[PDB]
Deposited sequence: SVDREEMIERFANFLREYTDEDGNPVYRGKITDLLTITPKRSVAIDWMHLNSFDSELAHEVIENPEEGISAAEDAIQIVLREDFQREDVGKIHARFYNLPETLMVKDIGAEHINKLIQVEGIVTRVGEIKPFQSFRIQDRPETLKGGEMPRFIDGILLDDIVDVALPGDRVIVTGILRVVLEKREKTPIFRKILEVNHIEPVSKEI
């Protein structure tokens, strides 16, 4: 619900979630940061099985939900591993409950964390960002959306999560783009 509560609840999830074998998956993903990875990829269905309220909040209030998850990673690093100097670690959510085709993206998807399937038709770089043009896959027929990431090459089929942002496109319009939270 509120920010402080979400942080505490993410820390509990990271510490206490276990897979079908009783293994604390997210403890391992945290120790991967001490060798290193600079993200923790979180399976949303793991989160939903543990804390369905928190998982719903990630979808409906992504800016706050993602930020809280990141602050929880820092808390666990400090308290459980005595590390405070790893720097910013991104929380990257995948396996959301609904998947959109690019053509399905609408007004109802603003201000949410969304999951989109497509085929990559372009990949570019304008430092420090990577960009992807994500188009409807031919076997679903095309519309496209550009994604910005801070993994995939032209021709690759992908599933991405992210939040809709805009770019001023020069008649000028604010074209919807996706700020990418996770891609595979």
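When the deposited sequence is numbered from 1, the segments without any C-alpha atom are 1, 37 to 38, 145 to 149, 159 to 163, 184 to 186, 201 to 206.
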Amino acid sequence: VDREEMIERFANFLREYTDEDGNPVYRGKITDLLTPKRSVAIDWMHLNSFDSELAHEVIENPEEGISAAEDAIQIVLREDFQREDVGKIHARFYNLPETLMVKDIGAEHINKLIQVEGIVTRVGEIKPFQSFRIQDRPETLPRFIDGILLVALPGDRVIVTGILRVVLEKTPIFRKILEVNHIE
From here on, numbers count along this sequence of modelled residues.
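Taking the PDB entry as given, 123 to 131 carries the higher mean Cα B factor of the two stretches 62 to 70 and 123 to 131. The mean Cα B-factor in the deposited entry runs higher for 25 to 33 than for the other of 114 to 122 and 25 to 33. As recorded in the entry, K170 carries the highest CA temperature factor of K170, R15, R9, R175.
In the deposited entry, the Cα temperature factor of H109 places it in the middle third of its chain's modelled residues. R78: CA B factor lies in the middle third for its chain, per the PDB record. Placement of the Cα temperature factor of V86 within the chain: highest third of the modelled residues, per the deposited record. Among all modelled residues in its chain, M45 ranks in the lowest third by Cα B-factor. Compared with the other modelled residues of the chain, the Cα B-factor recorded for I183 ranks in the middle third.
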